[PDB]
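The structure under discussion appears below in the form of structure tokens.
Throughout, read-outs are computed from the coordinates displayed, never taken from laboratory work. A quick note on method: Cβ atoms are made from the backbone with ideal geometry, for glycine too, and the neighbour counts reach across all protein chains shown.
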2 protein chains.
Amino acid sequence: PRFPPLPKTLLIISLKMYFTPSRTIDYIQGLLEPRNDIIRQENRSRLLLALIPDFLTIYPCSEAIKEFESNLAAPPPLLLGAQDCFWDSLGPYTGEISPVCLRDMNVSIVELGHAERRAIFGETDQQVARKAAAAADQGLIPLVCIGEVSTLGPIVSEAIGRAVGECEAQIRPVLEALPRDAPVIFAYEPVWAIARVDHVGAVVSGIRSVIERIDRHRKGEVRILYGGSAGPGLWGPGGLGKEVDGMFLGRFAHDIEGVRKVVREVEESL
Amino acid sequence: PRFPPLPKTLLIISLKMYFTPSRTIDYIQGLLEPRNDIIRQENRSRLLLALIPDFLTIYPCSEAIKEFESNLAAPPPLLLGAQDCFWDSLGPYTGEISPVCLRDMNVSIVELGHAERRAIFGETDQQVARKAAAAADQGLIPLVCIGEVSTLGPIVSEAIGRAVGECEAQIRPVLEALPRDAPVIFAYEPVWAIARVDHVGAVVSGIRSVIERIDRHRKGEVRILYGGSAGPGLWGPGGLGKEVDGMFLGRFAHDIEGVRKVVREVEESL
Ligand code: NA
């Protein structure tokens, strides 16, 4: 085990660039708070939460998790992610974050190729792949965001064919760059939508098929999440959970009670 | 005073993406250590050091500075910088760092437009300008890296004319975007060199002239540093200090004794 094993269900909270430091510290302390009933021992092996703060609060986030773990004797209660990293270990790359340093701060997962980075900064498939490779070199699980870049046509087979093939071009360089035994998580979100479960189910089913065709027998496990902004009710009553191994929570999740509500939803669906 | 006043001499240590977290914590604790004789009370009003760590260690760096300040009763002993920031306050910008959050962590200065970011990521003059504006909105001093993008010709007046005019295109959008009363620091390094003091002196003199021509009477103060990798002896005996208001220290500065040696050099030149 070079890598943490992946539970069947993954819930991800990415704070993007929305939170101030004090709000991030209060927030992660709310997640861990036992009276908040978000993190249950009985969920440990089936359901996992990741918090993905901005780079500045990874340190005190990591410190908060540790302090909470020291309350018990020796799955972590909560995974800590970063929202990006560089494609090299250490070096002369001003403004860039090292996966070496991330691992030293007990980050377990790195979000890569977000739609926002692809649109604003022109981040490419090759770059996301090299980034995944460097994250994996440090024992970090790549979490690669994928999705169709085009507005799709009105013929469904054409539309599903395009979307899946556009995801294929994003998946292939990542799997080529990664060791076959390193785990990877792909988060799907159709970039032109800014949640149709029929559409998600169909493209995700085409994604899993794509992966099986490239490397059916790789030892590293694979998970496909919904990367879109998911609201209360979508997972269970909306059927989203029948299609994917997890999801990103939308901005309702900025309130701890919202997160509590969605964990309950997820428990009920299992 | 919306901004810290700028001393006549600025020394900058940017760690780029070279240091692990424990090495950064040890390092800043070495800078502050009184037996290391790097930070002298007698230097306070004439010479200032900035440390510019990676985003992950800004928090414990800030914490270390505070803890040291609490050893005395209420110029900071050491400025804390970041190596980049985003051009907006808060929002949906995955992987980006907010100048709001930086200020909340007692960062006083933001390095922008580094040659490494301009080359690797295609970072543009417009983007560096918008970044400077957002840093200034939060009371942060922009530190904009500038320099000629071309290999220069063999006729000196042509070469100096080009280099200065290429710096002009980088300076102008920054001054346009900044309030006239916000301070700005420009760090010069000819991108094609990968230290000729004659060349630096000549282009820096053309830079100060350029600035005076754009906005002779702005209230915000301006400093021009050498952004190249400066080694021991270059400032005083090499004459660099007669041309610029400070410099970036080269990799020799990774050793605390190196920093000590260069502070002594600088003291002697004043
Ligand atoms: Na970045």
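Please list B:131-138, A:170-177 highest first by mean number of surrounding beta-carbon atoms within 10 Å per residue.
Output ranking for B:131-138, A:170-177: B:131-138, A:170-177.
Once amide H atoms are built 1.01 Å from N in the peptide plane, which residues 5 or more positions from A:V110, or in another chain, come under 5 Å H to H?
A:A82, A:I141, A:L143
In what order do A:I38, A:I58 fall by count of nearby beta-carbon atoms within 10 Å, going from fewest to most?
With the sparsest Cβ surroundings first, the list reads A:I38, A:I58.
Apply the a/c threshold of 1.5 to the C-alpha gyration tensor of chain B and tell me whether it is rounded, prolate or oblate.
Oblate, since a/c reaches 1.5 and b/c is not below a/b.
Amide H to amide H, which residues 5 or more places from A:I13 or on other chains are under 5 Å from it, using H placed in the peptide plane?
Those lying under 5 Å, H to H, from A:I13 are A:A50, A:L51, A:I52.
Considering only the label points, 7 Å along Cα→Cβ from Cα, what distances in nm to one decimal separate A:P92 from the same position in each other copy, shortest first?
Shortest to longest, the spacings are 3.9 nm.
In what sequence do B:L234, B:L32 fall when counting other Cβ within 10 Å, fewest first?
B:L32, B:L234
How well do other chains shield peptide A:51-58, expressed as the mean number of their Cβ atoms within 10 Å of each residue Cβ?
Average per residue, whole number: 6.
In whole Hz and in residue order, list the ³J(HN,Hα) couplings for region B:216-230 that follow from phi through the Karplus curve 6.51 cos²θ - 1.76 cosθ + 1.60, θ = phi - 60°; x for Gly and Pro.
Those phi angles translate into 3, 10, 4, 6, x, 6, 10, 10, 10, 9, 7, x, x, 8, 9 Hz.
Shortest first and in nm with one decimal, please list how far the A:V156 label point sits from its counterparts in the other copies (point 7 Å along Cα→Cβ).
So the distances to the same position in the other copies read 7.7 nm.
Considering only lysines 8 or more places apart in sequence, or on different chains, count the pairs in the protein assembly as shown whose C-alpha atoms sit under 18 Å apart.
For the protein assembly as shown, qualifying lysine pairs total 6.
Based only on Cα atoms, what mean projected area does the convex hull of region A:1-150 have, in nm²?
For region A:1-150, averaging the hull's shadow over all directions gives 10.1 nm².
Using a 7 Å offset from Cα along the direction of the beta-carbon, what are the separations from A:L72 to the same position in each other copy, nm, ascending?
4.6
What are the ³J(HN,Hα) values, in whole Hz, obtained from phi via the Karplus relation 6.51 cos²θ - 1.76 cosθ + 1.60 with θ = phi - 60°, for each residue of region A:244-256 in sequence order, with x given for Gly and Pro?
Each residue's phi maps through the Karplus curve to give 9, 8, x, 6, 7, 7, x, 5, 3, 6, 6, 9, 3 Hz.
Report, by chain and number, residues whose modeled amide H sits under 5 Å from the one on B:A182, excluding near sequence neighbours (fewer than 5 apart, same chain).
B:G220
So for A:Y93, A:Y188, fewest C-beta neighbours within 10 Å to most, what's the order?
The order, fewest Cβ neighbours first, is A:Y93, A:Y188.
How much mean residue ellipticity at 222 nm does chain B get from its helices, if each DSSP H run of length 4 or more adds -39500 (n - 2.57) and you divide by all residues, to the nearest 500 deg cm²/dmol?
-12500 deg cm²/dmol
Give me the extension gain from B:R2 to B:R35: residue separation times 0.36 nm, minus the current Cα-Cα distance, reported in nm with one decimal.
Extra length from B:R2 to B:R35 when fully extended: 8.5 nm.
Label B:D215 and B:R260 with points 7 Å out from Cα along Cα→Cβ: what is the distance between them in nm?
4.2
About the Cα centre of the protein assembly as shown, how large is the charge dipole given +1 on each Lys and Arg Cβ and -1 on each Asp and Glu Cβ? Please answer in debye to the nearest 20.
Magnitude of the dipole: close to 0 debye.
Which one, B:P53, B:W87, B:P77, is farthest towards the positive end of the dipole of region B:33-91 when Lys and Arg carry +1 and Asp and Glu -1 on their Cβ?
B:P77
So how strong a dipole does chain B carry about its Cα centre when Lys and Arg Cβ are +1 and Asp and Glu Cβ are -1, to the nearest 20 debye?
In total the dipole reaches around 460 debye.
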